[PDB]
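The structure under discussion appears below in the form of structure tokens.
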Amino acid sequence: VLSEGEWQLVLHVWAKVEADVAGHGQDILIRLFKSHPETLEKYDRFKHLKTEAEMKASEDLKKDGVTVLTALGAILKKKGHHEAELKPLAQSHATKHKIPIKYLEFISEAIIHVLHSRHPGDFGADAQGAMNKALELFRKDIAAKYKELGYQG
Ligand code: HEM
Ligand SMILES: Oc1c(Cl)cc(Cl)cc1Cl
């Protein structure tokens, strides 16, 4: 549970993401793959890419960053009332992609890093704390789903 004020701070910084969804999505994915290379092993698509410039030139990676952030943005806008949005996401990520909760922690980290790097003025401590709680609630809810689907204990 976040307060209305905490949700506003989340949505305030997310509006800056929506000015350039693709660019943010590329920075988030590249940060994830750099910080946690094992996550890039959930792939052929662009498993192979070796330099940052190669990563930035990949159409596939750019599409993928938009796929993630579009879906996360719709979730955040629900302000916790997100069971319908998480249902299909949990289904694919538990039963087809098989993404462990620890990878969702890794991407949450990357998200926070990029937001702080790009919008420090709209991502001070209170805003950081709100985004952390929103991303935590997401993780918690998706983990309960995963188990319902028989995945990951
Ligand atoms: C905030 C976190 C996440 C959101 C909102 C998200 C959302 C999505 C959406 C909307 C799709 C396309 C539809 C679907 O298959 O359900 C998808 C596909 C996929 N996602 Fe996630 N995702 C995130 C976490 C992850 C993480 C941590 C990985 C780590 C490797 C990952 C890799 C997968 C893969 C491999 C696909 C298939 C992509 C393809 O078709 O080429 N996702 N994701
Ligand atoms: O690493 C990812 C890839 Cl390759 C594709 C999607 Cl759609 C989402 C994520 Cl987080």
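Residue numbers run from 1 in the order of the sequence given. All ligand and atom numbering here is 1-based and tracks the order in the structure.
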Q. What's the shortest distance from atom 30 (C) of ligand 1 to any protein heavy atom, and which residue and atom give it?
A. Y43 OH, 2.6 Å

Q) Is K77 salt-bridged to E18, cutoff N-O under 4.0 Å? A) yes

**Q.** Top protein contact for atom 14 (C) of ligand 1, by heavy-atom distance
**A.** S92 OG, 3.5 Å

Q: Might you point out which heavy atoms bring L49 and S58 nearest each other, and give the distance in Å?
A: CD1-CB, 3.9 Å

Q. To the nearest 0.5 Å, what is the distance between NZ (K34) and CG (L32)?
A. 12.5 Å

Q | Numbered atoms of ligand 2 (with element) below 4.0 Å of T67, judged on heavy atoms | A | 7 (Cl)

Q) Which of the numbered atoms in ligand 1 are below 4.0 angstrom from a heavy atom of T39? A) 30 (C)

Q: Carefully, step by step, assess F106 and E38 under the rule side-chain contact (heavy atoms from CB on, under 4.5 Å).
A: CA-CA 11 Å; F106 297 160; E38 63 268 40; 3.6 Å; yes

Q. For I99 and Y146, what are the C-alpha separation, side-chain angles and deciding distance, and is it a side-chain contact (heavy atoms from CB on, under 4.5 Å)?
A. CA-CA 10 Å; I99 307 293; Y146 276 8; 3.8 Å; yes

Q) For ligand 1, which atoms sit closer than 4.0 Å to a heavy atom of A71? A) 5 (C), 10 (C)

Q: Look at atom 9 (C) of ligand 2 and find which of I107, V68, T70 reaches it with the closest heavy atom.
A: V68

Q | Shortest protein heavy-atom distance from atom 33 (C) of ligand 1, along with the residue and atom involved | A | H93 NE2, 3.9 Å

Q. Where is the nearest protein heavy atom to atom 32 (C) of ligand 1: which residue, which atom, and how far?
A. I99 CD1, 3.9 Å

Q. Relative to the heavy atoms of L104, which atoms of ligand 1 are at a distance of less than 4.0 Å?
A. 24 (C), 27 (C)

Q: Closest by any non-hydrogen atom to atom 18 (C) of ligand 1: pick that one out of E41, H97, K98.
A: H97

Q. What is the nearest protein non-hydrogen atom to atom 1 (O) of ligand 2, stated with its residue, atom name and distance?
A. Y43 OH, 2.2 Å

**Q.** Any non-hydrogen protein atom less than 4.0 Å away from atom 38 (C) of ligand 1
**A.** no

Q.
Looking only at protein heavy atoms, which one is nearest to atom 7 (C) of ligand 1, and what is the separation?
A. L89 CD1, 3.3 Å

Q. What's the shortest distance from atom 11 (C) of ligand 1 to any protein heavy atom, and which residue and atom give it?
A. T67 CG2, 3.4 Å

Q) Counting only heavy atoms on the protein side, is anything nearer than 4.0 Å to atom 43 (N) of ligand 1? A) yes

(Q) Nearest 0.5 Å, please: how far is NE2 in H82 from CG in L137? (A) 4.5 Å

Q: Could you see which bit of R45 sits under 4.0 Å from ligand 1, with heavy atoms only: side chain, backbone, both or neither?
A: side chain

Q: Test side-chain contact (heavy atoms from CB on, under 4.5 Å) on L72 and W14 and set out the steps.
A: CA-CA 10 Å; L72 179 55; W14 206 262; 3.8 Å; yes

Q) What residue and atom, counting heavy atoms only, is the protein's closest point to atom 1 (C) of ligand 1, and at what distance? A) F138 CE2, 3.8 Å

Q.
Can you name the atoms of ligand 2, numbered from 1 with element, that are less than 4.0 Å from a heavy atom of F46?
A. 4 (Cl)

Q | Salt bridge flag under 4.0 Å for residues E6 and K133 | A | yes

**Q.** Top protein contact for atom 3 (C) of ligand 1, by heavy-atom distance
**A.** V68 CG1, 3.9 Å

(Q) For the aromatic rings, using the six-membered ring if either is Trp, is the centroid distance between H119 and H12 under 6.0 Å? (A) no

Q) Got a salt bridge between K140 and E136, using NZ or NE/NH1/NH2 to carboxylate O under 4.0 Å? A) no

Q. For ligand 1, which atoms sit closer than 4.0 Å to a heavy atom of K42?
A. 30 (C), 35 (C)

Q: List every atom of ligand 1 that sits less than 4.0 Å from any heavy atom of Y103, numbering the atoms from 1 in the order shown and giving each element.
A: 27 (C)

Q.
Check the orientation of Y43 and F33. Use parallel for under 30°, tilted for 30 to 60°, and perpendicular for over 60°.
A. perpendicular

Q. Between the side chain of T39 and the main-chain N/O of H36, is any donor-acceptor distance below 3.5 Å?
A. yes

Q. Is a donor on one side and an acceptor on the other found under 3.5 Å between the side chain of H116 and the backbone of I112?
A. no

